[PDB]
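Content type PDB, C-alpha atoms and all ligand atoms, from the file entry.pdb:
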```
ATOM      1  CA  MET A   1      76.201  83.998  89.987
ATOM      2  CA  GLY A   2      74.284  84.511  93.225
ATOM      3  CA  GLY A   3      76.743  83.927  96.050
ATOM      4  CA  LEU A   4      79.145  81.883  93.877
ATOM      5  CA  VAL A   5      82.050  83.903  95.299
ATOM      6  CA  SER A   6      81.110  82.765  98.809
ATOM      7  CA  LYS A   7      80.998  79.053  98.171
ATOM      8  CA  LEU A   8      84.236  79.340  96.169
ATOM      9  CA  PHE A   9      86.488  81.241  98.595
ATOM     10  CA  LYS A  10      84.685  81.136 101.983
ATOM     11  CA  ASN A  11      86.692  84.028 103.455
ATOM     12  CA  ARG A  12      90.207  83.270 102.458
ATOM     13  CA  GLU A  13      92.305  86.395 101.996
ATOM     14  CA  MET A  14      91.638  87.645  98.460
ATOM     15  CA  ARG A  15      92.191  91.268  97.365
ATOM     16  CA  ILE A  16      91.189  91.756  93.732
ATOM     17  CA  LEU A  17      91.800  94.829  91.602
ATOM     18  CA  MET A  18      89.665  95.061  88.458
ATOM     19  CA  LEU A  19      90.903  97.656  85.955
ATOM     20  CA  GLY A  20      90.859  98.465  82.240
ATOM     21  CA  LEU A  21      89.896 101.289  79.919
ATOM     22  CA  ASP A  22      86.532 102.987  80.194
ATOM     23  CA  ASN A  23      83.796 101.125  78.237
ATOM     24  CA  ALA A  24      85.557  97.768  78.756
ATOM     25  CA  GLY A  25      82.766  96.442  81.000
ATOM     26  CA  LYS A  26      84.072  96.284  84.578
ATOM     27  CA  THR A  27      81.101  97.760  86.434
ATOM     28  CA  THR A  28      78.837  95.321  84.593
ATOM     29  CA  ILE A  29      81.000  92.448  85.840
ATOM     30  CA  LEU A  30      81.182  93.794  89.406
ATOM     31  CA  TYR A  31      77.397  93.899  89.684
ATOM     32  CA  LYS A  32      76.924  90.491  88.066
ATOM     33  CA  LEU A  33      78.896  88.896  90.899
ATOM     34  CA  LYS A  34      76.323  89.957  93.537
ATOM     35  CA  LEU A  35      79.265  90.417  95.882
ATOM     36  CA  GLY A  36      77.414  92.511  98.449
ATOM     37  CA  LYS A  37      77.483  96.156  99.495
ATOM     38  CA  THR A  38      79.154  98.325  96.905
ATOM     39  CA  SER A  39      80.933 101.361  98.364
ATOM     40  CA  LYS A  40      81.594 104.050  95.749
ATOM     41  CA  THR A  41      84.618 105.992  97.000
ATOM     42  CA  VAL A  42      86.373 109.102  95.730
ATOM     43  CA  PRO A  43      89.812 108.897  97.434
ATOM     44  CA  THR A  44      90.556 112.102  95.536
ATOM     45  CA  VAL A  45      88.647 113.998  92.867
ATOM     46  CA  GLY A  46      89.108 112.532  89.405
ATOM     47  CA  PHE A  47      89.546 109.033  90.879
ATOM     48  CA  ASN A  48      86.308 107.043  91.164
ATOM     49  CA  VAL A  49      86.897 103.730  92.943
ATOM     50  CA  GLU A  50      84.131 101.217  93.651
ATOM     51  CA  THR A  51      84.819  98.660  96.384
ATOM     52  CA  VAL A  52      82.824  95.607  97.458
ATOM     53  CA  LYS A  53      83.609  93.195 100.244
ATOM     54  CA  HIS A  54      82.290  89.703 100.970
ATOM     55  CA  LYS A  55      83.515  87.726 103.978
ATOM     56  CA  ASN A  56      87.163  88.222 103.054
ATOM     57  CA  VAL A  57      87.072  88.811  99.252
ATOM     58  CA  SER A  58      87.694  92.487  98.427
ATOM     59  CA  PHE A  59      87.195  94.177  95.049
ATOM     60  CA  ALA A  60      88.379  97.617  93.906
ATOM     61  CA  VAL A  61      87.353  98.895  90.458
ATOM     62  CA  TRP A  62      88.363 101.998  88.505
ATOM     63  CA  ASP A  63      88.983 103.081  84.910
ATOM     64  CA  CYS A  64      92.425 103.683  83.424
ATOM     65  CA  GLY A  65      93.157 106.289  80.771
ATOM     66  CA  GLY A  66      94.968 109.340  82.207
ATOM     67  CA  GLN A  67      95.037 111.887  85.149
ATOM     68  CA  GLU A  68      98.580 111.295  86.547
ATOM     69  CA  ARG A  69      98.277 113.073  89.926
ATOM     70  CA  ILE A  70      96.341 110.061  91.279
ATOM     71  CA  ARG A  71      98.943 107.402  90.395
ATOM     72  CA  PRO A  72     100.826 107.498  93.734
ATOM     73  CA  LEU A  73      97.386 106.587  95.120
ATOM     74  CA  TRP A  74      96.958 103.814  92.559
ATOM     75  CA  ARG A  75     100.090 102.342  94.133
ATOM     76  CA  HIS A  76      98.461 102.454  97.573
ATOM     77  CA  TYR A  77      95.692 100.225  96.229
ATOM     78  CA  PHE A  78      98.264  97.927  94.582
ATOM     79  CA  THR A  79      99.866  96.963  97.906
ATOM     80  CA  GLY A  80      98.523  93.608  99.073
ATOM     81  CA  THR A  81      96.585  92.838  95.885
ATOM     82  CA  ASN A  82      96.231  89.086  95.309
ATOM     83  CA  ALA A  83      94.796  89.208  91.775
ATOM     84  CA  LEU A  84      94.413  91.718  88.954
ATOM     85  CA  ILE A  85      91.466  91.335  86.586
ATOM     86  CA  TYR A  86      92.191  93.466  83.503
ATOM     87  CA  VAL A  87      89.135  93.941  81.277
ATOM     88  CA  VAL A  88      89.502  94.609  77.555
ATOM     89  CA  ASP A  89      86.881  95.548  74.971
ATOM     90  CA  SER A  90      87.602  92.701  72.533
ATOM     91  CA  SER A  91      85.477  94.463  69.886
ATOM     92  CA  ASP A  92      87.381  97.804  69.899
ATOM     93  CA  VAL A  93      90.466  97.118  67.804
ATOM     94  CA  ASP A  94      91.634 100.726  67.480
ATOM     95  CA  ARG A  95      91.795 101.059  71.287
ATOM     96  CA  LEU A  96      93.670  97.780  71.909
ATOM     97  CA  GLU A  97      97.074  99.485  71.811
ATOM     98  CA  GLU A  98      95.855 102.028  74.400
ATOM     99  CA  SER A  99      94.653  99.178  76.597
ATOM    100  CA  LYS A 100      97.964  97.345  76.129
ATOM    101  CA  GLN A 101     100.052 100.329  77.264
ATOM    102  CA  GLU A 102      97.896 100.848  80.348
ATOM    103  CA  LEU A 103      98.030  97.169  81.303
ATOM    104  CA  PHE A 104     101.831  97.111  81.193
ATOM    105  CA  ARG A 105     102.102 100.314  83.203
ATOM    106  CA  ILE A 106     100.044  98.631  85.952
ATOM    107  CA  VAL A 107     101.186  95.014  85.903
ATOM    108  CA  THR A 108     104.938  95.759  85.914
ATOM    109  CA  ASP A 109     104.709  98.008  88.999
ATOM    110  CA  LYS A 110     106.906  96.821  91.863
ATOM    111  CA  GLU A 111     103.869  96.799  94.167
ATOM    112  CA  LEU A 112     102.332  94.175  91.852
ATOM    113  CA  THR A 113     105.394  91.908  91.806
ATOM    114  CA  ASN A 114     104.320  88.347  90.846
ATOM    115  CA  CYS A 115     100.648  89.354  90.901
ATOM    116  CA  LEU A 116      98.177  87.006  89.224
ATOM    117  CA  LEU A 117      96.677  88.453  86.023
ATOM    118  CA  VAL A 118      93.414  87.536  84.317
ATOM    119  CA  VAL A 119      92.846  89.430  81.079
ATOM    120  CA  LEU A 120      89.155  89.312  80.198
ATOM    121  CA  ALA A 121      88.649  89.447  76.436
ATOM    122  CA  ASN A 122      85.201  90.869  77.042
ATOM    123  CA  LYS A 123      82.335  91.518  74.606
ATOM    124  CA  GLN A 124      83.259  88.354  72.681
ATOM    125  CA  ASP A 125      79.542  88.477  71.878
ATOM    126  CA  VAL A 126      80.137  91.314  69.416
ATOM    127  CA  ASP A 127      80.892  90.651  65.759
ATOM    128  CA  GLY A 128      84.571  91.320  65.099
ATOM    129  CA  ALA A 129      85.825  90.584  68.614
ATOM    130  CA  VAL A 130      89.470  89.545  68.723
ATOM    131  CA  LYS A 131      90.116  85.978  69.833
ATOM    132  CA  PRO A 132      92.149  85.304  73.017
ATOM    133  CA  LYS A 133      95.160  84.083  71.003
ATOM    134  CA  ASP A 134      94.940  87.226  68.859
ATOM    135  CA  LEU A 135      94.839  89.398  71.979
ATOM    136  CA  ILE A 136      97.827  87.502  73.434
ATOM    137  CA  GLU A 137      99.917  88.391  70.374
ATOM    138  CA  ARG A 138      98.709  91.996  70.205
ATOM    139  CA  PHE A 139      99.327  92.532  73.930
ATOM    140  CA  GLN A 140     102.665  90.611  73.918
ATOM    141  CA  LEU A 141     101.590  88.894  77.133
ATOM    142  CA  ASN A 142     104.535  86.508  76.651
ATOM    143  CA  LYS A 143     106.675  89.278  78.187
ATOM    144  CA  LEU A 144     104.873  88.721  81.509
ATOM    145  CA  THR A 145     105.242  84.925  81.606
ATOM    146  CA  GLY A 146     108.526  84.892  83.548
ATOM    147  CA  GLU A 147     106.985  86.546  86.622
ATOM    148  CA  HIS A 148     103.148  86.545  86.436
ATOM    149  CA  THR A 149     100.614  83.746  86.393
ATOM    150  CA  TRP A 150      98.338  84.950  83.595
ATOM    151  CA  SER A 151      95.392  83.842  81.482
ATOM    152  CA  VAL A 152      93.205  85.387  78.788
ATOM    153  CA  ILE A 153      89.570  84.355  79.325
ATOM    154  CA  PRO A 154      86.868  85.270  76.759
ATOM    155  CA  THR A 155      83.859  86.741  78.563
ATOM    156  CA  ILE A 156      80.399  88.167  77.915
ATOM    157  CA  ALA A 157      79.809  90.394  80.956
ATOM    158  CA  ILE A 158      76.128  91.069  80.223
ATOM    159  CA  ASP A 159      75.569  87.271  80.118
ATOM    160  CA  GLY A 160      78.008  86.321  82.844
ATOM    161  CA  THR A 161      79.787  84.013  80.417
ATOM    162  CA  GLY A 162      83.382  83.335  81.496
ATOM    163  CA  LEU A 163      82.961  84.945  84.923
ATOM    164  CA  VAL A 164      82.575  81.646  86.807
ATOM    165  CA  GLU A 165      85.647  80.293  84.975
ATOM    166  CA  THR A 166      87.526  83.465  85.950
ATOM    167  CA  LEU A 167      86.776  83.094  89.667
ATOM    168  CA  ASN A 168      87.511  79.353  89.660
ATOM    169  CA  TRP A 169      90.836  80.036  87.947
ATOM    170  CA  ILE A 170      91.897  82.759  90.395
ATOM    171  CA  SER A 171      90.820  80.461  93.223
ATOM    172  CA  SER A 172      92.793  77.492  92.023
ATOM    173  CA  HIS A 173      95.968  79.583  91.935
ATOM    174  CA  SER A 174      95.578  81.246  95.355
ATOM    175  CA  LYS A 175      96.381  80.357  98.973
TER     176      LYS A 175
HETATM  177  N1  LIG B   1      78.219  93.086  73.502
HETATM  178  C1  LIG B   1      78.656  93.267  74.881
HETATM  179  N2  LIG B   1      78.441  94.573  75.530
HETATM  180  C2  LIG B   1      78.869  94.777  76.936
HETATM  181  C3  LIG B   1      79.471  93.775  77.660
HETATM  182  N3  LIG B   1      79.736  94.289  78.891
HETATM  183  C4  LIG B   1      79.296  95.596  78.918
HETATM  184  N4  LIG B   1      78.755  95.883  77.690
HETATM  185  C5  LIG B   1      78.342  97.163  77.735
HETATM  186  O1  LIG B   1      79.478  98.105  77.495
HETATM  187  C6  LIG B   1      79.210  99.171  78.219
HETATM  188  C7  LIG B   1      80.306  99.346  79.219
HETATM  189  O2  LIG B   1      79.896  98.722  80.416
HETATM  190  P1  LIG B   1      80.630  99.236  81.800
HETATM  191  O3  LIG B   1      80.570  98.175  82.912
HETATM  192  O4  LIG B   1      80.030 100.541  82.297
HETATM  193  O5  LIG B   1      82.173  99.529  81.272
HETATM  194  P2  LIG B   1      83.283 100.193  82.301
HETATM  195  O6  LIG B   1      82.736 100.059  83.743
HETATM  196  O7  LIG B   1      84.587  99.387  82.171
HETATM  197  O8  LIG B   1      83.504 101.634  81.875
HETATM  198  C8  LIG B   1      77.760  98.909  78.991
HETATM  199  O9  LIG B   1      76.627  99.435  78.180
HETATM  200  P3  LIG B   1      75.844 100.810  78.564
HETATM  201  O10 LIG B   1      76.789 101.814  79.141
HETATM  202  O11 LIG B   1      75.244 101.376  77.315
HETATM  203  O12 LIG B   1      74.760 100.552  79.560
HETATM  204  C9  LIG B   1      77.664  97.673  79.099
HETATM  205  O13 LIG B   1      76.223  97.262  79.182
HETATM  206  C10 LIG B   1      79.694  92.402  76.978
HETATM  207  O14 LIG B   1      80.199  91.505  77.534
HETATM  208  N5  LIG B   1      79.277  92.205  75.607
HETATM  209 MG    MG B   2      82.565 101.633  85.544
END
```

Translate the structure of the given file into structure tokens.
Ligand SMILES: Nc1nc2c(ncn2[C@@H]2O[C@H](COP(=O)(O)OP(=O)(O)O)[C@@H](OP(=O)(O)O)[C@H]2O)c(=O)[nH]1
Ligand SMILES: [Mg+2]
Amino acid sequence: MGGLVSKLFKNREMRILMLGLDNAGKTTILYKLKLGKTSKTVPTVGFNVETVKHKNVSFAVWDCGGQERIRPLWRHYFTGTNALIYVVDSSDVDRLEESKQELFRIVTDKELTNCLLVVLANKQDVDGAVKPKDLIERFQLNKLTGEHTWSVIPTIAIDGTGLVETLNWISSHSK
């Protein structure tokens, strides 16, 4: 994964948001990419955002799951986003409906109009993980097909499995 972002994009404009419930595995993925200097920001208290930047590829990572006063500021980070990576704990069935509701509250925002969506069915390396097609039905991702390029990619963050495919896919669909 060392540098793979660089040889893939080579400083095209690419502003990625990577979100999901806590425990889904985002920070693991962020660090696997070896993207460069992480900058852990607190735009306001109760809102921990971690941003990395390489050439022209920007990442911004935070956990969903509450604290409404910081949502007008979520929308500030939405503006100009070129791709949303939404990470899901595939092995946590009783939290899938939570994760579903938070995904739809983000992806249908007007500031994310037509935004590309990769749903990472992460922790597929745990017994009992839901399959991508299962997650598609549970999440009713068909409702987003009219206006969002989307894919569900099975990943194993701690291995890096699926992460190269994820970046290649985003790249193939971008300017
Ligand atoms: N089986 C499996 N486990 C994963 C995977 N990705 C992350 N885990 C683990 O799940 C926990 C959540 O990781 P983290 O990146 O902090 O989630 P978050 O940033 O979305 O809150 C981590 O363990 P710890 O917090 O204990 O260090 C992490 O090592 C995966 O792909 N497969
Ligand atoms: Mg984290």

Original post:
region 5-9 of chain A: which residues within 8 Å, counting all atoms listed in the file, same-chain residues fewer than 4 positions away excluded, as an MDAnalysis selection string?
Top reply: chainID A and resid 1 33 35 54:55 57 167:168 171

Those selected residues, please, written with C-alpha atoms and delivered as a tab-separated table (two decimals), keeping the file's coordinate frame.
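Output file result_38.tsv follows:
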```
chain	number	residue	atom	x	y	z
A	1	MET	CA	76.20	84.00	89.99
A	33	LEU	CA	78.90	88.90	90.90
A	35	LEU	CA	79.26	90.42	95.88
A	54	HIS	CA	82.29	89.70	100.97
A	55	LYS	CA	83.52	87.73	103.98
A	57	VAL	CA	87.07	88.81	99.25
A	167	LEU	CA	86.78	83.09	89.67
A	168	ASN	CA	87.51	79.35	89.66
A	171	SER	CA	90.82	80.46	93.22
```

Original post:
Quick one: of A:91, A:23, A:28, A:81, who's nearest to residue 65 (chain A), counting all atoms listed in the file?
Top reply: A:23

**OP:** Might you pull out every residue within 12 Å of residue 69 (chain A), with all atoms listed in the file counted and same-chain residues fewer than 4 positions away left off, and present them as an MDAnalysis selection string?
**Re:** chainID A and resid 44:47 73:75

Original post:
So, counting only C-alpha atoms and all ligand atoms, which residue among A:148, A:138, A:26, A:133 is closest to ligand LIG 1 (chain B)?
Top reply: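 Nearest candidate to ligand LIG 1 (chain B) out of A:148, A:138, A:26, A:133: A:26.
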
Original post:
Using all atoms listed in the file, which protein or nucleic acid residues are at most 7 Å from ligand LIG 1 (chain B), as a list in words?
Top reply: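 Residues lying within 7 Å of ligand LIG 1 (chain B): residues 20, 21, 22, 23, 24, 25, 26, 27, 28, 29, 63, 122, 123, 124, 125, 126, 155, 156, 157, 158 and 159 of chain A.
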
Subject >> the PyMOL selection byres (((chain A and resi 121) around 6) and not hetatm) resolved against shown file, as a PyMOL selection string >> reply: chain A and resi 88+90+120+122+153-155

Original post:
Just how far from CA of residue 40 (chain A) is CA of residue 66 (chain A), in Å to one decimal?
Top reply: 19.8 Å

Subject >> Shell of 9 Å around residue 60 (chain A), all atoms listed in the file, local chain residues under 5 positions omitted, as JSON, numbers by chain >> reply: {"A": [15, 16, 17, 18, 19, 49, 50, 51, 52, 77]}

**OP:** May I ask which of the residues A:31, A:92, A:4, A:12 is the closest one to ligand MG 2 (chain B), counting all atoms listed in the file?
**Re:** A:31

Original post:
From the set A:62, A:104, A:86, A:78, which residue has the shortest atom-to-atom contact distance to residue 139 (chain A), counting all atoms listed in the file?
Top reply: A:104

Original post:
Separation of CA of residue 134 (chain A) and CA of residue 149 (chain A), in Å?
Top reply: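 So the answer is 18.8 Å.
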
Original post:
Which one of A:67, A:101, A:48, A:79 sits closest to ligand MG 2 (chain B) if you count all atoms listed in the file?
Top reply: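 Closest to ligand MG 2 (chain B) of all the choices is A:48.
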
**OP:** For CA of residue 11 (chain A) and CA of residue 174 (chain A), quote the distance in Å rounded to one decimal.
**Re:**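 Rounded to one decimal, the two atoms are 12.3 Å apart.
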
Spell out the residues picked by the PyMOL selection byres (((chain A and resi 117) around 7) and not hetatm) here, as a PDB file with C-alpha atoms, in the frame of the given file.
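Below is the file selection17.pdb, written as the result:
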```pdb
ATOM      1  CA  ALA A  83      94.796  89.208  91.775  1.00  0.00           C
ATOM      2  CA  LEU A  84      94.413  91.718  88.954  1.00  0.00           C
ATOM      3  CA  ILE A  85      91.466  91.335  86.586  1.00  0.00           C
ATOM      4  CA  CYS A 115     100.648  89.354  90.901  1.00  0.00           C
ATOM      5  CA  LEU A 116      98.177  87.006  89.224  1.00  0.00           C
ATOM      6  CA  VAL A 118      93.414  87.536  84.317  1.00  0.00           C
ATOM      7  CA  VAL A 119      92.846  89.430  81.079  1.00  0.00           C
ATOM      8  CA  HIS A 148     103.148  86.545  86.436  1.00  0.00           C
ATOM      9  CA  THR A 149     100.614  83.746  86.393  1.00  0.00           C
ATOM     10  CA  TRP A 150      98.338  84.950  83.595  1.00  0.00           C
ATOM     11  CA  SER A 151      95.392  83.842  81.482  1.00  0.00           C
TER      12      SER A 151
END
```

Original post:
Which of these, A:82, A:87, A:72, A:14, has the shortest distance to ligand MG 2 (chain B) once you count only C-alpha atoms and all ligand atoms?
Top reply: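 Among A:82, A:87, A:72, A:14, it is A:87 that comes nearest to ligand MG 2 (chain B).
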
Work out where the centre of an axis-aligned box around every listed atom of region 1-18 of chain A lies and how long its edges are once 8 Å is added on each side; give both in Å to one decimal as lines of an AutoDock Vina configuration file.
```
center_x = 83.3
center_y = 87.1
center_z = 96.0
size_x = 34.0
size_y = 32.0
size_z = 31.0
```

**OP:** Name the residues within 9 Å of (98.8, 91.4, 76.7), counting only C-alpha atoms in the file's coordinates, and put them as number ranges by chain.
**Re:** A: 99-100, 103-104, 119, 135-144, 152
